[PDB]
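Q: First the structure, which I've put down as structure tokens, then a few questions once you've had a look.
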Amino acid sequence: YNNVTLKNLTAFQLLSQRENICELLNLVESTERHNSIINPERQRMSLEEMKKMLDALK
Amino acid sequence: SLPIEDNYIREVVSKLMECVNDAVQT
Amino acid sequence: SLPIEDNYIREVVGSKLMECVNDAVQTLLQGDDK
Amino acid sequence: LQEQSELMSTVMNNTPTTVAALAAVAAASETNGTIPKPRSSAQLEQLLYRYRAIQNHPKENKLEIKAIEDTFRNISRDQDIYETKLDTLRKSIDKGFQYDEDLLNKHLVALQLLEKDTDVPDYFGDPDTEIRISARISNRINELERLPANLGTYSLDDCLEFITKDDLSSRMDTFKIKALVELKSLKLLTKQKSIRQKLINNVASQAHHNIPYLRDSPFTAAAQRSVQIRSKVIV
Amino acid sequence: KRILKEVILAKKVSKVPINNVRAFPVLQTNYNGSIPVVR
């Protein structure tokens, strides 16, 4: 799995290409790949950490 | 128990509507 | 082209969704209103 | 110790009275493990008939004669039970069923193919399974290497040829050829595999110069272009 | 085999289709040649 092949590159391009046309008709959820990457509690924890760094550097 | 010829043996021997309703809307 | 062990192989050892998506794209590429 | 084959060897040697397998308490009981009830039609029953007919003269030196007579009583009892069941079966036949033809054609082809141990369809790596293929290939090889070479044919179409006492009709070896084509195709099986390996590894080793959709690919065309880059010189 | 035999014996199947090779193998004569073997 360290290297890529012709079939691997073609299958990678095909899996990256089908999921774009799959979202226009909206027949897939694609919410677990959304919320686990956004993570709004992690975002507000990030804002609290930047505010804590402001309070520590002032 | 008589054999039979080979020429007689060789002679005897919801996914559609999931896209249409989405293509009408979008 | 000689079937020899093809009898013995048979003795021993006895999608649609993306086609519908492609047909939906082919129907969407007909009218300009969509 | 092949008690059913020792009597056949003594009958084929034409000397079944001088020894008669020497049936005693240590010899007739060691090869049997009461005779073991052979299942042949007449190839092992007429040998028992001859074995009874020869030993009527000593009349005391053999003690298994009572077991052979009990086996014959069992055979006669089974024959009488089979005749009574055949009479009951022929008297228990219904008058009308109107048995179809298509199911009869389905049964006869399957029952013909299941006689001589070949594959029949329904229509109603891995080295562990390759030895089982080779054992079925060698089975048919050892079966075809036991056929007599003096095999001739007689079709039902020779009556228009008027074969005399010395005629030599041209339809005598129609099955001797087909009995050798299979025997010499099961031996050239490893011979054709070398030609197939020399063909497939020469038509599929490139796979990007004759096939159009594999040479018209953006990755393959860029790769074949980029493997021919000559090295840059310095100054 | 006995059941399909008794169906033919009793029910009198109207067609009974014939599917045979119209041939059967026999044993033929073998004989050595009359010209002697030279060494």
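Each chain in the structure tokens gets a letter, A, B, ..., in the order shown, and its residues are numbered from 1; ligands are numbered from 1 in order too.
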Set the cut-off to 10 Å and count only C-alpha atoms: what are the residues of chain D that reach chain A? Output as a count of residues only.

A: 6

Q: Between chain E and chain B, at 6 Å or less, what are the per-residue closest atom pairs and their distances in Å? Count only C-alpha atoms, order by chain and rising residue number, and return it as CSV.

A:
```
residue,atom,partner,partner_atom,distance
E:19,CA,B:4,CA,5.3
E:20,CA,B:4,CA,4.9
E:21,CA,B:5,CA,5.5
```

Q: Let's have the selection written as a short mmCIF file (atom, residue, chain, number, x, y, z; two decimals), in the first residue's frame, with N, CA, C and O atoms.

A:
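The result, stored in part36.cif:
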```
data_model
loop_
_atom_site.label_atom_id
_atom_site.label_comp_id
_atom_site.auth_asym_id
_atom_site.auth_seq_id
_atom_site.Cartn_x
_atom_site.Cartn_y
_atom_site.Cartn_z
N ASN E 19 -33.40 -42.13 -28.34
CA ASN E 19 -32.19 -41.31 -28.40
C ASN E 19 -31.00 -42.24 -28.19
O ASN E 19 -30.55 -42.45 -27.06
N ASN E 20 -30.48 -42.79 -29.29
CA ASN E 20 -29.39 -43.75 -29.24
C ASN E 20 -28.36 -43.41 -30.31
O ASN E 20 -28.65 -42.73 -31.29
N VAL E 21 -27.13 -43.89 -30.09
CA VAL E 21 -26.04 -43.65 -31.03
C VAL E 21 -26.07 -44.59 -32.23
O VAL E 21 -25.27 -44.40 -33.15
#
```

Q: What are the closest atom pairs, with distances in Å to one decimal, for each residue of chain C lying within 12 Å of chain D, using only C-alpha atoms, rows by chain and rising residue number, as CSV?

A:
```
residue,atom,partner,partner_atom,distance
C:1,CA,D:192,CA,9.8
C:2,CA,D:185,CA,8.7
C:3,CA,D:185,CA,9.5
C:4,CA,D:186,CA,6.9
C:5,CA,D:137,CA,8.0
C:6,CA,D:133,CA,10.8
C:7,CA,D:119,CA,7.5
C:8,CA,D:133,CA,6.7
C:9,CA,D:133,CA,7.6
C:10,CA,D:119,CA,7.4
C:11,CA,D:119,CA,5.7
C:12,CA,D:133,CA,7.1
C:13,CA,D:129,CA,9.0
C:14,CA,D:121,CA,9.5
```

Q: Under the rule of at most 7 Å, produce a per-residue listing of chain C near chain B: chain, number, name, the closest pair of atoms, and the distance in Å, as a Markdown table, using only C-alpha atoms.

A:
```
| residue | atom | partner | partner_atom | distance |
| --- | --- | --- | --- | --- |
| C:17 | CA | B:15 | CA | 6.4 |
| C:20 | CA | B:19 | CA | 6.4 |
| C:21 | CA | B:19 | CA | 6.4 |
| C:24 | CA | B:23 | CA | 6.1 |
```

Q: How would the residues just chosen look if you wrote them out with N, CA, C and O atoms as an mmCIF file, in the first residue's frame?

A:
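After the write, part04.cif holds the following:
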```
data_model
loop_
_atom_site.group_PDB
_atom_site.id
_atom_site.type_symbol
_atom_site.label_atom_id
_atom_site.label_comp_id
_atom_site.auth_asym_id
_atom_site.auth_seq_id
_atom_site.Cartn_x
_atom_site.Cartn_y
_atom_site.Cartn_z
ATOM 1 N N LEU C 17 -27.257 1.482 -9.743
ATOM 2 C CA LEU C 17 -27.446 2.823 -9.195
ATOM 3 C C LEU C 17 -26.714 3.874 -10.023
ATOM 4 O O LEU C 17 -27.282 4.920 -10.354
ATOM 5 N N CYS C 20 -28.425 4.387 -13.311
ATOM 6 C CA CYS C 20 -29.572 5.278 -13.155
ATOM 7 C C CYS C 20 -29.140 6.730 -12.971
ATOM 8 O O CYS C 20 -29.821 7.641 -13.457
ATOM 9 N N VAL C 21 -28.005 6.961 -12.303
ATOM 10 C CA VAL C 21 -27.469 8.317 -12.173
ATOM 11 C C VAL C 21 -27.015 8.852 -13.532
ATOM 12 O O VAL C 21 -27.274 10.015 -13.873
ATOM 13 N N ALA C 24 -30.058 9.728 -15.450
ATOM 14 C CA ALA C 24 -30.589 10.991 -14.949
ATOM 15 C C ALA C 24 -29.799 12.183 -15.478
ATOM 16 O O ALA C 24 -30.392 13.214 -15.809
#
```

Q: For residue 11 in chain E, work out the shell of residues within 9 Å, counting only C-alpha atoms and skipping chain neighbours fewer than 3 positions away, then give it as a ChimeraX atom specification.

A: /D:93-99 /E:6-8,14

Q: Next, dump the selected residues to file, keeping only N, CA, C and O atoms, as a PDB file, in the first residue's frame.

A:
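Output file selection.pdb is given in full below:
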```pdb
ATOM      1  N   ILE D  93     -51.442 -50.601  -8.714  1.00  0.00           N
ATOM      2  CA  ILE D  93     -51.241 -49.557  -9.717  1.00  0.00           C
ATOM      3  C   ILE D  93     -52.552 -48.815  -9.951  1.00  0.00           C
ATOM      4  O   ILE D  93     -53.598 -49.434 -10.183  1.00  0.00           O
ATOM      5  N   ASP D  94     -52.497 -47.486  -9.886  1.00  0.00           N
ATOM      6  CA  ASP D  94     -53.658 -46.659 -10.191  1.00  0.00           C
ATOM      7  C   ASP D  94     -53.973 -46.696 -11.684  1.00  0.00           C
ATOM      8  O   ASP D  94     -53.120 -47.012 -12.517  1.00  0.00           O
ATOM      9  N   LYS D  95     -55.220 -46.356 -12.020  1.00  0.00           N
ATOM     10  CA  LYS D  95     -55.675 -46.499 -13.399  1.00  0.00           C
ATOM     11  C   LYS D  95     -55.200 -45.356 -14.289  1.00  0.00           C
ATOM     12  O   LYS D  95     -54.784 -45.597 -15.428  1.00  0.00           O
ATOM     13  N   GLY D  96     -55.248 -44.119 -13.803  1.00  0.00           N
ATOM     14  CA  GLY D  96     -54.906 -42.989 -14.645  1.00  0.00           C
ATOM     15  C   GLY D  96     -54.097 -41.900 -13.970  1.00  0.00           C
ATOM     16  O   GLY D  96     -54.496 -41.375 -12.926  1.00  0.00           O
ATOM     17  N   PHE D  97     -52.953 -41.555 -14.561  1.00  0.00           N
ATOM     18  CA  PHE D  97     -52.117 -40.471 -14.056  1.00  0.00           C
ATOM     19  C   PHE D  97     -51.765 -39.486 -15.166  1.00  0.00           C
ATOM     20  O   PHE D  97     -51.608 -38.288 -14.899  1.00  0.00           O
ATOM     21  N   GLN D  98     -51.642 -39.993 -16.401  1.00  0.00           N
ATOM     22  CA  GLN D  98     -51.262 -39.238 -17.603  1.00  0.00           C
ATOM     23  C   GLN D  98     -49.897 -38.564 -17.419  1.00  0.00           C
ATOM     24  O   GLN D  98     -49.770 -37.340 -17.350  1.00  0.00           O
ATOM     25  N   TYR D  99     -48.881 -39.420 -17.318  1.00  0.00           N
ATOM     26  CA  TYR D  99     -47.514 -38.970 -17.074  1.00  0.00           C
ATOM     27  C   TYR D  99     -46.966 -38.223 -18.286  1.00  0.00           C
ATOM     28  O   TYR D  99     -47.034 -38.717 -19.416  1.00  0.00           O
TER      29      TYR D  99
ATOM     30  N   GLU E   6     -41.404 -49.806 -14.286  1.00  0.00           N
ATOM     31  CA  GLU E   6     -42.812 -50.121 -14.071  1.00  0.00           C
ATOM     32  C   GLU E   6     -43.749 -49.084 -14.678  1.00  0.00           C
ATOM     33  O   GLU E   6     -44.880 -49.436 -15.030  1.00  0.00           O
ATOM     34  N   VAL E   7     -43.304 -47.830 -14.821  1.00  0.00           N
ATOM     35  CA  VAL E   7     -44.099 -46.833 -15.542  1.00  0.00           C
ATOM     36  C   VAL E   7     -44.261 -47.234 -17.007  1.00  0.00           C
ATOM     37  O   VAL E   7     -45.361 -47.153 -17.569  1.00  0.00           O
ATOM     38  N   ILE E   8     -43.187 -47.732 -17.625  1.00  0.00           N
ATOM     39  CA  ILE E   8     -43.261 -48.220 -19.000  1.00  0.00           C
ATOM     40  C   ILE E   8     -44.090 -49.501 -19.075  1.00  0.00           C
ATOM     41  O   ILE E   8     -44.868 -49.701 -20.019  1.00  0.00           O
ATOM     42  N   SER E  14     -46.959 -42.786 -24.200  1.00  0.00           N
ATOM     43  CA  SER E  14     -47.431 -42.716 -25.579  1.00  0.00           C
ATOM     44  C   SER E  14     -46.319 -42.491 -26.597  1.00  0.00           C
ATOM     45  O   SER E  14     -46.486 -42.869 -27.761  1.00  0.00           O
TER      46      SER E  14
END
```

Q: Can you build me a table of chain E residues sitting at most 10 Å from chain D, with the closest atom pair per residue and its distance in Å to one decimal, using only C-alpha atoms, sorted by chain and residue number, as CSV?

A:
```
residue,atom,partner,partner_atom,distance
E:1,CA,D:111,CA,8.5
E:4,CA,D:104,CA,8.9
E:6,CA,D:90,CA,8.4
E:7,CA,D:99,CA,8.7
E:9,CA,D:90,CA,9.5
E:10,CA,D:93,CA,7.8
E:11,CA,D:96,CA,7.7
E:12,CA,D:99,CA,9.4
E:13,CA,D:99,CA,7.3
E:14,CA,D:101,CA,8.7
E:15,CA,D:101,CA,7.7
E:16,CA,D:101,CA,8.1
E:17,CA,D:105,CA,8.3
E:19,CA,D:109,CA,9.8
E:21,CA,D:155,CA,8.4
E:22,CA,D:156,CA,5.7
E:23,CA,D:155,CA,4.4
E:24,CA,D:153,CA,6.2
E:25,CA,D:153,CA,4.9
E:26,CA,D:152,CA,5.3
E:27,CA,D:151,CA,5.0
E:28,CA,D:150,CA,5.3
E:29,CA,D:150,CA,6.8
E:30,CA,D:150,CA,6.7
```

Q: So what do you get for CA of residue 112 in chain D versus CA of residue 147 in chain D, distance-wise?

A: 21.2 Å

Q: Expressed in Å to a single decimal, how great is the separation between CA of residue 70 in chain D and CA of residue 14 in chain D?

A: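 Separation of CA of residue 70 in chain D and CA of residue 14 in chain D: 26.7 Å.
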
Q: Residues of chain A near chain B: apply a cut-off of 9 Å, count only C-alpha atoms, and supply the list as number ranges by chain.

A: A: 24-27

Q: If you measure from CA of residue 14 in chain A to CA of residue 22 in chain C, what distance in Å do you get, rounded to one decimal?

A: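 Between CA of residue 14 in chain A and CA of residue 22 in chain C the gap works out to 13.6 Å.
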
Q: Do you have, as a tab-separated table, the list of residues of chain A lying at most 10 Å from chain C, each with its nearest atom pair and that distance in Å to one decimal, counting only C-alpha atoms and ordered by chain then number?

A:
```
residue	atom	partner	partner_atom	distance
A:18	CA	C:18	CA	8.3
A:21	CA	C:21	CA	8.2
A:22	CA	C:21	CA	7.9
A:25	CA	C:21	CA	8.5
```

Q: Would you mind exporting the chosen residues as a PDB file, in the first residue's frame, restricted to C-alpha atoms?

A:
```
ATOM      1  CA  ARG A  18     -18.830   9.712  -8.374  1.00  0.00           C
ATOM      2  CA  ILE A  21     -22.395  13.857  -8.830  1.00  0.00           C
ATOM      3  CA  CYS A  22     -23.934  11.820  -5.984  1.00  0.00           C
ATOM      4  CA  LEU A  25     -29.361  14.463  -6.622  1.00  0.00           C
TER       5      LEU A  25
END
```
